[PDB]
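coords29.pdb follows; it contains PDB, N, CA and C atoms.
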```
MODEL        1
ATOM      1  N   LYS A  11     -16.515 -57.937 -21.346
ATOM      2  CA  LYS A  11     -15.557 -59.028 -21.661
ATOM      3  C   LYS A  11     -16.198 -60.069 -22.572
ATOM      4  N   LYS A  12     -17.526 -60.074 -22.612
ATOM      5  CA  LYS A  12     -18.264 -61.020 -23.441
ATOM      6  C   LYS A  12     -18.075 -60.714 -24.924
ATOM      7  N   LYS A  13     -18.500 -59.523 -25.334
ATOM      8  CA  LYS A  13     -18.379 -59.102 -26.725
ATOM      9  C   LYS A  13     -16.915 -59.008 -27.146
ATOM     10  N   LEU A  14     -16.038 -58.778 -26.172
ATOM     11  CA  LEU A  14     -14.607 -58.666 -26.436
ATOM     12  C   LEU A  14     -14.099 -59.868 -27.228
ATOM     13  N   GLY A  15     -14.655 -61.042 -26.935
ATOM     14  CA  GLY A  15     -14.249 -62.251 -27.628
ATOM     15  C   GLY A  15     -14.534 -62.194 -29.116
ATOM     16  N   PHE A  16     -15.773 -61.856 -29.468
ATOM     17  CA  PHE A  16     -16.173 -61.764 -30.870
ATOM     18  C   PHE A  16     -15.289 -60.778 -31.628
ATOM     19  N   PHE A  17     -14.861 -59.722 -30.942
ATOM     20  CA  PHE A  17     -14.006 -58.708 -31.549
ATOM     21  C   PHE A  17     -12.588 -59.238 -31.742
ATOM     22  N   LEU A  18     -12.146 -60.088 -30.818
ATOM     23  CA  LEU A  18     -10.811 -60.667 -30.893
ATOM     24  C   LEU A  18     -10.716 -61.631 -32.067
ATOM     25  N   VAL A  19     -11.845 -62.241 -32.404
ATOM     26  CA  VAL A  19     -11.904 -63.190 -33.508
ATOM     27  C   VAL A  19     -11.570 -62.511 -34.832
ATOM     28  N   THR A  20     -12.142 -61.331 -35.054
ATOM     29  CA  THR A  20     -11.884 -60.585 -36.279
ATOM     30  C   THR A  20     -10.431 -60.136 -36.327
ATOM     31  N   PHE A  21      -9.903 -59.768 -35.165
ATOM     32  CA  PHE A  21      -8.520 -59.331 -35.055
ATOM     33  C   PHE A  21      -7.577 -60.484 -35.377
ATOM     34  N   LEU A  22      -8.050 -61.701 -35.130
ATOM     35  CA  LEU A  22      -7.264 -62.899 -35.392
ATOM     36  C   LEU A  22      -7.275 -63.228 -36.878
ATOM     37  N   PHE A  23      -8.400 -62.948 -37.530
ATOM     38  CA  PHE A  23      -8.539 -63.207 -38.957
ATOM     39  C   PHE A  23      -7.565 -62.344 -39.751
ATOM     40  N   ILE A  24      -7.326 -61.132 -39.259
ATOM     41  CA  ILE A  24      -6.412 -60.205 -39.913
ATOM     42  C   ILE A  24      -4.963 -60.568 -39.609
ATOM     43  N   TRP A  25      -4.712 -61.014 -38.382
ATOM     44  CA  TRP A  25      -3.367 -61.399 -37.975
ATOM     45  C   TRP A  25      -2.864 -62.551 -38.835
ATOM     46  N   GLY A  26      -3.795 -63.244 -39.484
ATOM     47  CA  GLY A  26      -3.430 -64.358 -40.338
ATOM     48  C   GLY A  26      -2.769 -63.906 -41.622
ATOM     49  N   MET A  27      -3.132 -62.712 -42.085
ATOM     50  CA  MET A  27      -2.558 -62.166 -43.309
ATOM     51  C   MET A  27      -1.073 -61.873 -43.118
ATOM     52  N   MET A  28      -0.729 -61.290 -41.973
ATOM     53  CA  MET A  28       0.661 -60.976 -41.664
ATOM     54  C   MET A  28       1.411 -62.241 -41.254
ATOM     55  N   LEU A  29       0.703 -63.153 -40.591
ATOM     56  CA  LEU A  29       1.296 -64.409 -40.152
ATOM     57  C   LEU A  29       1.612 -65.286 -41.358
ATOM     58  N   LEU A  30       0.910 -65.030 -42.459
ATOM     59  CA  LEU A  30       1.109 -65.778 -43.694
ATOM     60  C   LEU A  30       2.545 -65.641 -44.176
ATOM     61  N   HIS A  31       3.007 -64.401 -44.268
ATOM     62  CA  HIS A  31       4.363 -64.118 -44.715
ATOM     63  C   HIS A  31       5.385 -64.687 -43.739
ATOM     64  N   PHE A  32       5.046 -64.663 -42.456
ATOM     65  CA  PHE A  32       5.930 -65.190 -41.424
ATOM     66  C   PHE A  32       6.050 -66.703 -41.549
ATOM     67  N   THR A  33       5.021 -67.322 -42.120
ATOM     68  CA  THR A  33       5.006 -68.767 -42.308
ATOM     69  C   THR A  33       6.135 -69.198 -43.235
ATOM     70  N   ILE A  34       6.398 -68.383 -44.251
ATOM     71  CA  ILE A  34       7.457 -68.670 -45.206
ATOM     72  C   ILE A  34       8.825 -68.492 -44.559
ATOM     73  N   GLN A  35       8.940 -67.476 -43.710
ATOM     74  CA  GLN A  35      10.189 -67.202 -43.016
ATOM     75  C   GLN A  35      10.563 -68.367 -42.112
ATOM     76  N   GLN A  36       9.547 -68.992 -41.525
ATOM     77  CA  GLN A  36       9.759 -70.131 -40.638
ATOM     78  C   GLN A  36      10.560 -71.219 -41.343
ATOM     79  N   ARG A  37      10.380 -71.316 -42.656
ATOM     80  CA  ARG A  37      11.088 -72.307 -43.452
ATOM     81  C   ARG A  37      12.487 -71.813 -43.796
ATOM     82  N   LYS A  38      12.619 -70.499 -43.939
ATOM     83  CA  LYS A  38      13.902 -69.890 -44.265
ATOM     84  C   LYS A  38      14.871 -70.008 -43.092
ATOM     85  N   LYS A  39      14.343 -70.395 -41.936
ATOM     86  CA  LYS A  39      15.157 -70.549 -40.736
ATOM     87  C   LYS A  39      15.417 -72.023 -40.442
TER      88      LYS A  39
ENDMDL
END
```
Is it possible to give me this structure as structure tokens?
Amino acid sequence: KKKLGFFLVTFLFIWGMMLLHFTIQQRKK
């Protein structure tokens, strides 16, 4: 569970790329 955190961080960095496009949609709503 320790190293799991460091791995989740990278997964979060990537989720930002997809979340980027969603950021624009937030305004479209």
At what distance in Å, to one decimal, does atom N of residue A:30 lie from atom C of residue A:18?
-> 16.0 Å
Mind pulling up the distance from atom C of residue A:11 to atom CA of residue A:23?
->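 Here the two named atoms are 18.4 Å from each other.
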Gap from atom N of residue A:29 to atom N of residue A:12 - Å, one decimal =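 These atoms are spaced 25.8 Å apart.
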